[PDB]
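Report on the structure given below.
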Amino acid sequence: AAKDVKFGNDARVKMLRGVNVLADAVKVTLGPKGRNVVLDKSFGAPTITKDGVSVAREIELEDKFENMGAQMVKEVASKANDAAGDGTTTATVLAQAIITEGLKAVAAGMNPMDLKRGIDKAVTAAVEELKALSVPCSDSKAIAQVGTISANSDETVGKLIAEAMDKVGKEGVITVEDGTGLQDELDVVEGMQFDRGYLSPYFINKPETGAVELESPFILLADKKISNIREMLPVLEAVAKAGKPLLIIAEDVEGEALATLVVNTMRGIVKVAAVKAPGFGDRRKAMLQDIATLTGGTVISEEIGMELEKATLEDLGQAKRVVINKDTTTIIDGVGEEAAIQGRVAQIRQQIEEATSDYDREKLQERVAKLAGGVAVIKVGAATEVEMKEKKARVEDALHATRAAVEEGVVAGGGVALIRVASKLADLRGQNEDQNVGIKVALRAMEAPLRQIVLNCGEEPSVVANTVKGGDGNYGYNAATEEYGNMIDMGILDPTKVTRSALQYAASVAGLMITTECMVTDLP
Amino acid sequence: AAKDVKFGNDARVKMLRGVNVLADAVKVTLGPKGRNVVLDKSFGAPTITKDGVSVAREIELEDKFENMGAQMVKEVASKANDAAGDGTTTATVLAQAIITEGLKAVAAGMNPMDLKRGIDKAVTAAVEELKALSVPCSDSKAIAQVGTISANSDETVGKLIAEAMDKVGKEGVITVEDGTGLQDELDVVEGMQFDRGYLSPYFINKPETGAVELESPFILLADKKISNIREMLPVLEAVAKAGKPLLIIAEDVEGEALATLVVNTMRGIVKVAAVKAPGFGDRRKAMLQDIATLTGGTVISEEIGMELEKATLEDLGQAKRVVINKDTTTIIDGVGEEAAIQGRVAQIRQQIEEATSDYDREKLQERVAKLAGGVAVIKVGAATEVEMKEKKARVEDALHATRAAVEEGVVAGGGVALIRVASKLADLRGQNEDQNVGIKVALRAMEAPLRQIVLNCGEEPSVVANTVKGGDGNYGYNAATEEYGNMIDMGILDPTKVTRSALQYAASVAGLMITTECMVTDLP
Amino acid sequence: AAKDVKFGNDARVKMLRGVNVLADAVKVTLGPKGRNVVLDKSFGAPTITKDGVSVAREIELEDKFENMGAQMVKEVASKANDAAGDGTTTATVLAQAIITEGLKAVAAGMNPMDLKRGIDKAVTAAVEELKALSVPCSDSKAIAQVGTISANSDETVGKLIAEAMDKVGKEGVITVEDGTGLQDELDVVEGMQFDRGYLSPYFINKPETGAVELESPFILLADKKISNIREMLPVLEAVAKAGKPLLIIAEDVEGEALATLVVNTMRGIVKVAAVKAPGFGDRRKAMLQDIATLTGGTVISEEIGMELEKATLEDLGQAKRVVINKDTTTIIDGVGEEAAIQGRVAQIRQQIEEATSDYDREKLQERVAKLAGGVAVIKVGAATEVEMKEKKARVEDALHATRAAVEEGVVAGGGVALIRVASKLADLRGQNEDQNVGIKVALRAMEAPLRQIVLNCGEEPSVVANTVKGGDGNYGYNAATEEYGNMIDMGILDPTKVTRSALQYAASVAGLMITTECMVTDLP
């Protein structure tokens, strides 16, 4: 297809309008006191929302180019979110802030390669300043505290999160289920999690988490690439009969079999999902076994001559629940009996003895930790379903932000942290005075999130900012109650990871744009 | 269909905008410090890339003519890469530099046939200068060195490449597989390679190498033209049953049978690919046997009365892997037992005794070399799949550029080489003073790739060029570190083959356009 | 359909622009130093070509009328080619030259019928002058020499052509096959050739020669008109089983059966081709027999009551190769045993004894000559297929031009011949001074091909032409080397046939257009 190519100025001027529309729609929602964005929908009434992520998802512009410019910032900002659990809007707001001023700089006749270099030094410096201002959060007291602050002053949540990390380690796998009483429970159970995502965004049955959730499913454990669906049919119908869903863990599922399964859970004929088996090569075939052991299944390997056609219900593994992400599979409560599972831990235990190399040591301590370490489930209780299925999502929110605090501490939440570091590195210089412009661009972009929250509440932004700047450390303005104070004590704090990721990602994409010379896309 | 015909000037003016668009998009990527080109894509976010080959592939203009112009330079520039492993972008950037000044010349009222002749004498001369500046690369030390420089300062790669040529000769067939541990292996195995490509760009399952890769496949060895699919059916279904792919080596596969197999690996019914048997006539029927012996197969020849219908699984040959290119088939690890294979080497050994002619000698020493010489595989090891399936590609890159250094030596990588030879032949004259303009056009074009690199870095091009020019031999500017030095010691070198090819292919196409008088294409 | 009708002037003015487009595009390629024509193509890169026949094939204009104008010249010029083996472009360039000046004359107010008569007198005269200047080429020394000059300085080709004429007579049938070694062979074998072409341009499997080539095929010999396909089915499936192609020689194959076979070799179900049996009436039924005898087949004649349904494989004839043209069928190496073939020659031998009339004599000496005379095959050998399948085509080229020299000698090749004869007849007058205009039109047209070659080389045309004119005999300018000399000795010669055909056919079509008064075509 004939493309349409734009260059240099024109390409960036397009990209800029693009990002402006994405940011201008998504930024108005930033506060605790955001403005509403109305988002049309076909059958029935429009959706009124105060939520950036939701506005952003809907944005897509007519004029390609313009479009790409928004799609681009969208993609980076979403990634902040993927590595944290928040900041998508912040990411966006700041990415606008640099690109606007950066791009305008370049069009002004300044050197892009310098404009960027400056932006990057300012971010580098700010990320240091951030680690400095950051307050560790390591002990059960602080976990629970961040946990409660994040579920919005709910001690009972913080307690639970803190108790689960207490039980399965700060590393341990922790999930959340629907509670069955009024009471919250926290059980620990034989389970496991590994770094593989769904093989198509289509198996997703809960678009809320954008994830797949299966109940009482059988697990197919196959060591080989799966291309033909002919091989599946004997098993896939023994499974539609026991009326339960089924998870495919194989070396891969490609083109044919994959596009088949996808169209088959679309018409809801049989609920199915598939994921690549964990790791690669040699430690893959031993790792697949572990999953088998855990779930009381059998590994179908072509290497001992077994076919997928000669596989009854009985060969398959089984658990009480599984949950798969963009990039995570997690298996909860496997039927595998502790005779076998315990026994297999004793086998691997010993392999660490005869380990001659250090690399060979870790890879085994990682399999013991997955297998014997198990998974902590948190059933959430409440008095009514509307009330409970809500609380659940709020725990999942805090659980997320807590994990990220445990990793890199917490800081002033009002975009305060950002304003703070930016006022600290006001002397920062470069070589080129174009390179200084780049720093002063990035610096001045960091007041963007505060200035915008204030504005969204209809307060003077200039005025609030200047007073947050005149203080120190974690002193800041809480826009929800319009008071100043120590942001952390008033319970308005971001994990540090997220504030930093937001900054870094907004920085990258802005950089990318300042150094774009050409854009290529389809003919209108 | 009615065509639209353009003549002379107009034809050339169209061609020139066409090529300008392709080069202007593609050239901005040239350095190690390229600029970004954003390349839209439908579902999902655009692709940001610094990679010429990728930008080029996307270019296609609306205005046919304009299109042809671009499509023409793209074709030639692609070929440089087919005959080397790099230079696509360099080729394009130089093509643009000649064409621009050339076409402007002819439009100016000078003689195209002279303008060309000049361009060609300059290229001839420069190619000589190049072989002179070229530094041989012959011993294990230098192989490893170019191997490492090419995999980007990775001694462990260079080692391996150098060890494989050590084991199988600088001629020997070398492939790369996916490693299974952390460790890199280098095995030597009963295998072979010959000059035949796939019979349709459709069997390609890995568009990354743009090649076909089959695993544990059966090999059909048929000496006859295959037109009807009726003849295949008995075997093709015995094969879909053993659940493995299948390679067809026959005298040919034509129209019917071909278009059948093509549609059949498209719906992934049976993974299949076919290639013309190697050589022609008499030495064809003997060479097809060699493959059989190697893979423990049987040759189905109509000359002893065997049909393809009367062929069971057992007649077919077999290996552990095969890989087919645009123009190469390579068989790895054949089941053929060294009883038969060794025995067939003893037969051919003897045929060299009774060889009465020299032509009959080589043709046999070539079959021994293919058969007894075997194939060196390099399994690549690493710590994570993302890390390893990467390193693999990077080895494949060096392995390529190594082969081409072994052939014609190496030179200053920064487009330095080019600038050097051009400053050497600044006296070069012709007869027409039109022909002089032609040399000066081509000479000045040779500073294009260096000038452009420096510019992509935001340095003064004029200024760096002039300083590289005032030096000698392989002294040049390394735009990655902004230091001058000897380009080869700083590890920035191109194989000579590629620098030459790039020049020659740019020159060819530019020539062709300067002498185009008419363009014929479909009605808008 | 409603037509659009144009008259008189407008009709011709349309026709003229149409021919100018076809010529202007095709002429630029004329030299040994042509210019390039770029011919777009859909999937992939355009084609750059220096070859007129190629350019012409693609031409087709939007404006019907303008279209006809070009389609007409194309048709005539293509015929020059059919009756020679070259000159298509020449034919075209000359046709333009007359039409341009002729059409201009009539539009000027001169009598078309006189304008024509003149052009015709000038052509008559020039065709005489040409026979005179024609240098004979009759002995083995000259054959070989034209043979080598034509395969482009390759003595080994010339030798072979000259040897085959040596073995089968200057009349004898000669074909060219794919060699199997490095060595060229020249065998003589039981075969035959007759004046019948394919029954549809669709059986063509090698569009390069624009011909059909079948290997180891069965021959069906049927004396009757074949309309229904019902009659074929028993045989056509006995044949698709032995996996070989099949040739139909019948009295005719009409509508139904024909359109069936055509669609059946299109989907490559069974490779088939059909041709009218040779001659007519009585000598047809005897001649069909000869072919049978030659190929060891049986003649299915309705006159003894045999049906096509009652015909097994065994009735059919057979050979090792057959090759069918637009208008030629040639059978190579028939299975028919020399017992029967020799015996049949003794029968016909005798028929010449009892021949009471002269017409009855020749018709029989013609069947003996076809049958006992046999066919000379030339296997072409070389070192590589790319190298050999090429050389083959080059032999075919010389073989062609050689046969045509053997017929009317050779002449100065630079369009020198044309210039010479036209300088000779510069006094030539007619009766109308309109008729004179006509002669001067045609005379002046004959310098076109030289003036054009020179131009395609960027040399003064005027100047070159005037010096070639001042000479005598075959003295001319060789544009490839820019020297003057004796064109034949410098080995730049055309066969006389072609130069004459080119003139005659150009002249016809031009004549036609000057006397056109009306054009009728479909509504845009």
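Residues that are of a type in the set (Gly, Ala, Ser) and surrounded by fewer than 16 Cβ atoms within 10 Å (Cβ to Cβ) within the stretch A:332-371 comprise A:339, A:340, A:343, A:346, A:355, A:357, A:369, listed in sequence order.
With respect to the stated conditions, residue B:407 is over 30 Å from residue A:359 (Cβ atoms), surrounded by fewer than 19 Cβ atoms within 10 Å (Cβ to Cβ), touching a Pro at 6+ places or on another chain (Cβ under 8 Å) and touching a residue at least 12 places away in the same chain (Cβ under 8 Å). Condition check: within 23 Å of residue B:372 (Cβ to Cβ), touching a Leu at 6+ places or on another chain (Cβ under 7 Å) and not assigned by CATH to the domain that holds residue B:301. Does residue B:221 satisfy that? So residue B:221 does not fit the description; no. Annotation: of all residues in the stretch C:286-308 being of a type outside the set (A, V, I, L, M, F, W, C) and over 22 Å from residue C:373 (Cα atoms), the one that is surrounded by the fewest Cβ atoms within 10 Å (Cβ to Cβ) is C:305. Among the conditions (1) outside any strand (DSSP E or B); (2) within 14 Å of chain C (Cβ to nearest Cβ); (3) buried (at least 17 other Cβ atoms within 10 Å of the Cβ); (4) of a type in the set (D, E, K, R), residue B:184 misses just one, which is (2). Taking the criterion of being within 30 Å of residue C:33 (Cβ to Cβ) and either among the aliphatic types (A, V, I, L, M) or crowded, with 24+ Cβ neighbours inside 10 Å (or both), the residues of the stretch B:127-142 that qualify are B:127, B:130. Against the criterion of being in the same structural domain as residue A:376 (by CATH), part of a strand (DSSP E or B), β-branched (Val, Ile, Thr) and touching a strand residue (DSSP E or B) at 6+ places or on another chain (Cβ under 8 Å), residue A:175 qualifies. Taken over the stretch C:459-485, the criterion of being out of contact with any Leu (no Cβ under 9 Å at 6 or more places or on another chain), in contact (Cβ under 8 Å) with a residue 60 or more places away in the chain and surrounded by fewer than 17 Cβ atoms within 10 Å (Cβ to Cβ) is satisfied by C:480 alone.
Quick grid of which residues meet (1) buried (at least 17 other Cβ atoms within 10 Å of the Cβ); (2) in a helix (DSSP H, G or I); (3) outside the structural domain of residue C:499 (by CATH):
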site: C:75; (1), (2), (3): no, yes, no
site: C:98; (1), (2), (3): yes, yes, no
site: C:125; (1), (2), (3): yes, yes, no
site: C:144; (1), (2), (3): yes, yes, yes
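Cβ-Cβ contacts under 9 Å between residues 6 or more apart (or on different chains), taken from a first residue in the stretch B:170-184 that is on the phi > 0 side of the Ramachandran plot and of a type in the set (S, T, N, Q) to a second residue that is surrounded by fewer than 17 Cβ atoms within 10 Å (Cβ to Cβ) and not in a loop (DSSP other than H, G, I, E, B), are absent.
Scanning the stretch B:2-12 turns up no residue that is aliphatic (A, V, I, L, M) and within 26 Å of residue B:450 (Cβ to Cβ).
Restricted to the stretch B:287-399, the set of strands (runs of 3 or more DSSP E) holding at least 2 residues that are touching a residue at least 24 places away in the same chain (Cβ under 8 Å) and under 30 Å from residue A:281 (Cβ atoms) comprises B:317-324, B:329-334, B:375-380.
Assess whether residue C:110 counts as being within 21 Å of the chain's Cα centre (by Cα) and touching a residue at least 40 places away in the same chain (Cβ under 8 Å). In short, no. The set of residues in the stretch B:309-324 that are touching an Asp or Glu at 6+ places or on another chain (Cβ under 6 Å), among the hydrophobic types (A, V, I, L, M, F, W, C) and surrounded by fewer than 23 Cβ atoms within 10 Å (Cβ to Cβ) contains only B:323.
Listed conditions (1) of a type outside the set (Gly, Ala, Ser); (2) within 14 Å of another protein chain (Cβ to nearest Cβ); (3) within 15 Å of residue B:389 (Cβ to Cβ) are all met by residue B:223, apart from (3).
Scanning the stretch C:6-48 for residues that are of a type outside the set (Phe, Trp, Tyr), touching a strand residue (DSSP E or B) at 6+ places or on another chain (Cβ under 8 Å) and more than 10 Å from chain B (Cβ to nearest Cβ) gives C:6, C:8, C:11, C:14, C:15. Residues in the stretch C:245-265 that are surrounded by 15 or more Cβ atoms within 10 Å (Cβ to Cβ), out of contact with any strand residue (DSSP E or B) (no Cβ under 6 Å at 6 or more places or on another chain) and either without any contact (Cβ under 8 Å) to a residue 12 or more places away in the chain or within 14 Å of chain B (Cβ to nearest Cβ) (or both): 1 in all.
Being in a helix (DSSP H, G or I), among the hydroxyl-bearing types (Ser, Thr, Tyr), in contact with a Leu (Cβ under 9 Å, 6 or more places away or on another chain) and more than 12 Å from chain C (Cβ to nearest Cβ) is a condition met by at least one residue of the stretch B:77-91. Of all residues assigned to the stretch C:101-114, none qualifies as being closer than 22 Å to residue B:8 by Cα, aliphatic (A, V, I, L, M) and surrounded by fewer than 24 Cβ atoms within 10 Å (Cβ to Cβ).
Given the structure, is residue C:232 away from chain B (no Cβ under 14 Å) and either more than 30 Å from residue C:142 (Cβ to Cβ) or of a type outside the set (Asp, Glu) (or both)? Judged against the criteria, residue C:232 is a match.
Scanning the stretch C:266-278 for residues that are within 14 Å of chain B (Cβ to nearest Cβ), buried (at least 23 other Cβ atoms within 10 Å of the Cβ) and β-branched (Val, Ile, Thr) yields one hit, C:272. Hey, could you check the stretch C:49-69 for residues that are of a type outside the set (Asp, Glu) and farther than 19 Å from residue C:80 by Cα and say which is nearest to the other protein chains (Cβ to nearest Cβ)? The extreme case among them is C:61. Scanning the stretch C:62-73 for residues that are crowded, with 24+ Cβ neighbours inside 10 Å and either under 18 Å from the mean Cα position of the chain (by Cα) or without any contact (Cβ under 8 Å) to a residue 12 or more places away in the chain (or both) yields a single hit, C:73.
The condition (being over 13 Å from residue B:116 (Cβ atoms) and crowded, with 22+ Cβ neighbours inside 10 Å) is satisfied by just one residue among B:523, B:503: B:503.
All of this is worked out from the model, or read from it or from the source named; these are not laboratory values. No Cβ is skipped: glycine too gets one built from the backbone with ideal geometry, and neighbour counts run over all protein chains shown.
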